[PDB]
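Beneath this line is the structure, given in structure tokens, with notes to follow.
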Amino acid sequence: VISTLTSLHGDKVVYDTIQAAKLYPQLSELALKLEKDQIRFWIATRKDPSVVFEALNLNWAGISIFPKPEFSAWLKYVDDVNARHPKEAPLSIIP
Amino acid sequence: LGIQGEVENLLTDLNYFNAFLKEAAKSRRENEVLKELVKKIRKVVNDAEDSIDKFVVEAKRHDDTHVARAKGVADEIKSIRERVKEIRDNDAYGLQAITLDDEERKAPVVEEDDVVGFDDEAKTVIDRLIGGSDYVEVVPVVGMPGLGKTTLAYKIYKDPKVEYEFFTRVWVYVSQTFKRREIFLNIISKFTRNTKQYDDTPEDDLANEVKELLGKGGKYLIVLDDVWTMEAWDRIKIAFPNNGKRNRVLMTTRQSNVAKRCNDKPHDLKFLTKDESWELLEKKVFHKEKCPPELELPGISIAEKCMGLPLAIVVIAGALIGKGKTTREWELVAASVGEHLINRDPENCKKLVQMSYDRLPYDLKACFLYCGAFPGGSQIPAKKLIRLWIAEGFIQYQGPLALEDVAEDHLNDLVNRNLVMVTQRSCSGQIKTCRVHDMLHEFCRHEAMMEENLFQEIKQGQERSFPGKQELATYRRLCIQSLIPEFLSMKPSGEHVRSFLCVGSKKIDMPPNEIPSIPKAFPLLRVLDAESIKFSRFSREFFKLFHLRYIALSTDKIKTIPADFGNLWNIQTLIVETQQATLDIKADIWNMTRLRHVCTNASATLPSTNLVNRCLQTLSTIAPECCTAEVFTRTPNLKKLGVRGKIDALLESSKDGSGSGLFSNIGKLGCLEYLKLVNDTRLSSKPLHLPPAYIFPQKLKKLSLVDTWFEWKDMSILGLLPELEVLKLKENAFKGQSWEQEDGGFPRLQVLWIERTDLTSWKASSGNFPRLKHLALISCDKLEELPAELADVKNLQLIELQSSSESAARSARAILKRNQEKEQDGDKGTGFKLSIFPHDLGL
Ligand SMILES: Nc1ncnc2c1ncn2[C@@H]1O[C@H](COP(=O)(O)OP(=O)(O)OP(=O)(O)O)[C@@H](O)[C@H]1O
């Protein structure tokens, strides 16, 4: 709730930390809810799709991008911000 | 400090570089510029890691010449940071090139004729294809690369028995990469030639069409050549009909995990014998003609060095043909058989091995190549190998599993992929010793020397000498089989050496003046595998290895480890194969958080200890007087003790009202799984007693008692252990003339080992060994006869006797006769064998 524990001076390292905490049974529920809260930050400020693309680490894949579930969530992200955009200017994954 | 910031920004850069290297290793890079770019980035990644390690250790030293050392560290971190920015500025296009990476179906070609030594193997698999259930059954042929799996599969595929039995025979070349659609189209093209009508049919509808074609063709056999994954098998098997017509699938593969998941008992292919290797090599080199007598002597040696692998024989045969028919030239090939396999013929041997190697996860590749550091043809202790991977840093795992459990899964993964061969498996099923085949061993050497630079062999060859300081400035790790004292004599300077692996099999008594050479030449020494080297004394340089993780040494004169050892906070494994009976660890090793093993060979008198050693797992030998309550408080996750010394103090109870001895502390460990006891008292005549089972460890699995002289009466208490599986008794571990067992006991016992027993008679009941598999009676000359209740064990597999008496031999024959009668009554045999010599006595 406090902005100190939400900005965290970065997003990619936080995302990797959340995934790392997910393998522990005592941290599975905490990491899962924190993962959703990271999407909350992604929607609140409407960061560029380049940052989220790097945060999901889709930058190393050839023909294998589409089968990757990270690509599906990357598509769901742009759809969500296209339902919460402050102005009607389109946001696209293509650039 | 600003230095702390500099290391932080450097760390983020290596986070990108390591991620770049991991994704760069996902496939082979053939472009020479990309190869050098990967080598440059890997070199700066390693060198930066060597410098951050200097920073973090020197920071630890500073917490407890410091200005000069800090200045040198900051100067270094400045240089690698400049070098990293140099790569990011000048090589910026290159880093994108590997990131932006993305054909012909090379079906293997095999001997249609002159298949040497596969007659018995073909009939074994063919008869296995005939039998089985009416449903779909898989018969996977599994083995190491180039073993002859496709050759045997094609031998069966064209065998007259198979061609008569199976009306439909299909060969499908599955591989690492394949199109699920093209396979069903290929199978359809066997029956109907009209391919235009299936241009838009969906894949699953094509599989439905394949189902109709195979089903009408009666009983069918399908050779799924080189299936690499279970996911591929599930994708393809949807088109194989289960008509109940005894149709089979013959699935050659390099994977044992895939083989086992398709059939519970996969068929492992054999190696050619020494006679068959020469017969094949002679056939390949000479076209239907015998070898000249002058070339027979070197040719046989070459075939022996191929280690029975048909791929190596075929490759070396091509070299021999080019090398003429001269004794001198055939002698040169024999002296360099391994070179002619990997280096001179990369298309045949190097490329085939690369298919399995490049498919490994990035962590497994460093583990597999590390097996090539040990001498070719040697056998590597599995326990030693596991601790080497973890101490070096190849096991990077952040789950709740212990590291050795993960590494054991990695080693079993290599064995499953048939990159490693197991020589000995314990009765519990774990791996004991493993070896790498000679072809894969040359691949491990070449890959980890020239491409990856994981380790370097040091030897005094004809064209090679001990490396100079120009070569040592590049070497990451060193492995050495012989001539160690002279290499340490010339005073090398291995600044970047992280490991010193004395893989020699012969004990070397190094002179005392070369002892400080190892720690002074390699200040960054993480792993010191000096098991073969004998050290008579220590030095202050030996305890300056603050980056040390692994330390193994053999001593005869070193009776006590000095307290200076406690400065090495990063050590995990301690090994001391001391020949002395006593050894005192003066170091306060309890504060080393990542301490995992203490494999002492004598009674270790550990010093007196809010902190928990969550990682410590093993203690090979400990003093009974050191079994304090505080010791076991710090080791809750531990999984093995060993207690050598005067066991009288362990069992003696004081008269002050306290009836609980030090064994009560042993039984309070909630995660113990192995216990070993050795007793030193021999002048006394007292036979000893065993404490009740309600103070025994709850989860104990394995036991080993030596020379304790327990009475035979009190092991009915040992039968109250619910999870006991392994029990070993050696050097007259029990005393008494008579052995009698009470009802029940040993609910899960699997193996019982006895050596030099004191008993003369043994009586048992049927309920004593419900799940016994192996019984060993070595040097039991006092045995009169065995009880007949041992024949009631349905799970029994093996009983072995050595140096038994004549009456004991008669009881062994009687038990064998009863076991044979029961097996002939309808219960299929489990593979019993018995050692009897001579066989004509007592028949
Ligand atoms: N029994 C044999 N007699 C003669 N040559 C053999 C024999 N077995 C295999 N070979 C030869 O060894 C080479 C490799 O054998 P094969 O093609 O059967 O490999 P494999 O075990 O299927 O391996 P991979 O996993 O790489 O496909 C071939 O050139 C083949 O001719």
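Over the range A:1-94, calculate the relative contact order: mean separation of alpha carbon pairs under 8 Å at least 6 apart, over the residue count, as a percent. Before the final figure, lay out each step's value.
Details: 46 pairs, mean separation 21.2, N = 94.
Relative contact order for the range A:1-94 comes out at 23 percent.
Quick one: Cα centre-to-centre distance for the range B:37-52 and the range B:378-400, in angstrom?
Distance between centres, Cα-based: 23 Å.
For the cross-link pairs B:54/B:507; B:686/B:833; A:68/B:106, which exceed 30 Å when the distance is taken from alpha carbon to alpha carbon?
Table pairs above 30 Å Cα-Cα are B:54/B:507; B:686/B:833.
Tell me, B:171, B:389 in order of fewest to most beta-carbon neighbours within 10 Å?
Result, fewest neighbours first: B:171, B:389.
For B:653, B:684, B:804, B:499, which order do you get if you count the other beta carbons within 10 Å of each Cβ and list the fewest first?
Ordered from fewest to most neighbouring Cβ atoms within 10 Å, B:653, B:684, B:804, B:499 come out as B:684, B:653, B:804, B:499.
What span do the alpha-carbon atoms of the range B:776-843 cover on each of the three principal axes, reported in whole Å from largest to smallest?
34, 22, 18
For the pairs B:640/B:668; B:219/B:260; B:161/B:245; A:22/B:60; B:646/B:728; B:40/B:469, flag any whose C-alpha to C-alpha distance is greater than 22 Å. Mind dumping the intermediate values first?
On the way: B:640/B:668 13 Å; B:219/B:260 24 Å; B:161/B:245 17 Å; A:22/B:60 31 Å; B:646/B:728 20 Å; B:40/B:469 20 Å.
Listed pairs above 22 Å: B:219/B:260; A:22/B:60.
Give the residue list of chymotrypsin sites (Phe, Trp or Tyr not before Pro) in the range B:492-577 that are DSSP loop and have at most 13 other beta-carbon atoms within 10 angstrom. All intermediate terms of the calculation are to be shown ahead of the outcome.
On the way: sites: B:500, B:535, B:538, B:542, B:543, B:546, B:550, B:565, B:569; in loops: B:535, B:538, B:542, B:543, B:546, B:569.
Filter output for the range B:492-577: empty list.
Taking the Cα centre of chain B as the origin, how large is its charge dipole in debye, to the nearest 20, when only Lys and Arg (+1) and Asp and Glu (-1) carry charge on their Cβ atoms?
720
Using Cβ counts within 10 Å as a stand-in for footprinting exposure, how do B:174, B:115 rank, fewest first? If you can, show how the numbers build up before the last one.
Numbers: B:174 22, B:115 18.
By the 10 Å Cβ count, ascending: B:115, B:174.
Kindly identify the protein assembly as shown as rounded, prolate or oblate by the Cα gyration tensor criterion: order the square roots of the eigenvalues as a ≥ b ≥ c, call it rounded if a/c is under 1.5, otherwise compare a/b with b/c, prolate if a/b is larger, else oblate.
Because its axes are fairly even, with a/c under 1.5, the protein assembly as shown counts as rounded.
Any chance you could check the Cα centroid distance between the range B:678-717 and the range B:226-295 for me, in angstrom?
51
Compute the FRET efficiency between residue B:304 and residue A:7 as 1/(1 + (r/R0)^6), taking r as their Cβ-Cβ distance and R0 = 51 Å, and round to the nearest 0.05.
The computed FRET efficiency comes out at 0.15.
Taking a ≥ b ≥ c as the square roots of the Cα gyration tensor eigenvalues, with a/c under 1.5 meaning rounded and otherwise prolate when a/b beats b/c, else oblate, which class fits the range B:201-261?
oblate
Taking each residue of A:57-64 in turn, how many C-beta atoms of other protein chains fall within 10 Å of its C-beta, and what is the average?
Values: counts 2, 0, 5, 10, 3, 6, 1, 2.
The per-residue average across the peptide is 4.
On average over all directions, what projected area in square nanometres does the range B:18-156 have, based on the convex hull of its Cα atoms?
Over all viewing directions, the range B:18-156 projects a mean Cα-hull area of 17.6 nm².
Classify chain A from the C-alpha gyration tensor, please: rounded if a/c falls under 1.5, else prolate or oblate depending on whether a/b exceeds b/c.
Cα axes put chain A in the oblate bin.
Output the peptides B:247-260, B:469-482 sorted from most to least packed, where packing is the average of other Cβ atoms within 10 Å over each peptide's residues.
The peptides rank, most packed first, as B:247-260, B:469-482.
Return the distance in nm (one decimal) between the two label points of a simple spin-label model at residue A:43 and residue A:23, each offset 7 Å from Cα along Cα→Cβ.
For residue A:43 paired with residue A:23, the spin-label model returns 3.1 nm.
Relative contact order of the range B:359-410, please, whole-number percent, based on alpha carbon pairs below 8 angstrom and at least 6 residues apart.
Across the range B:359-410, relative contact order equals 37 percent.
Filter the GluC sites (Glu not before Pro) in the range A:34-95 to those in DSSP coil with at most 13 other Cβ atoms within 10 Å of their Cβ, and list the result.
In loop regions of the range A:34-95 (DSSP not H, G, I, E or B), the sparsely surrounded GluC sites (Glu not before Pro) are A:88.
What is the distance in Å between the Cα centres of the range B:453-506 and the range A:30-95?
Cα centroid of the range B:453-506 versus Cα centroid of the range A:30-95: 51 Å apart.
In this model, which of B:506/B:676; B:149/B:190; B:586/B:699; B:384/B:534 are farther than 21 Å apart at the alpha-carbon?
B:506/B:676; B:149/B:190; B:586/B:699
Add -39500 (n - 2.57) for each DSSP H run of 4 or more in the protein assembly as shown, then divide by its residues: what number comes out at 222 nm, to the nearest 500 deg cm²/dmol?
Taking each H run of at least 4 residues, the total per residue is -11500 deg cm²/dmol.
For a quick check of your reading of the filter: which trypsin sites (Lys or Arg not before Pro) in the range B:146-205 sit in a DSSP loop and have no more than 14 other Cβ atoms within 10 Å?
Here the sparse-neighbourhood loop sites are B:158, B:179, B:193.
Given a Förster radius of 30 Å and the C-beta distance between residue B:43 and residue B:505 as r, what FRET efficiency does 1/(1 + (r/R0)^6) yield to the nearest 0.05?
The formula returns an efficiency of 0.40 here.
Please tell me the relative contact order of the range B:298-440 in percent, rounded to the nearest whole number, where contacts are Cα pairs under 8 Å and at least six residues apart.
Worked out over the range B:298-440, it gives 23 percent.
Can you give the direction-averaged projected area of the convex hull of the alpha-carbon atoms in chain B, in nm²?
Here the figure is 45.1 nm², rounded to one decimal.
Here the Cβ is made from the backbone with ideal geometry for all residues, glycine too, and neighbour counts use every protein chain on show. Here, each number is a calculation from the coordinates, and none is a lab measurement.
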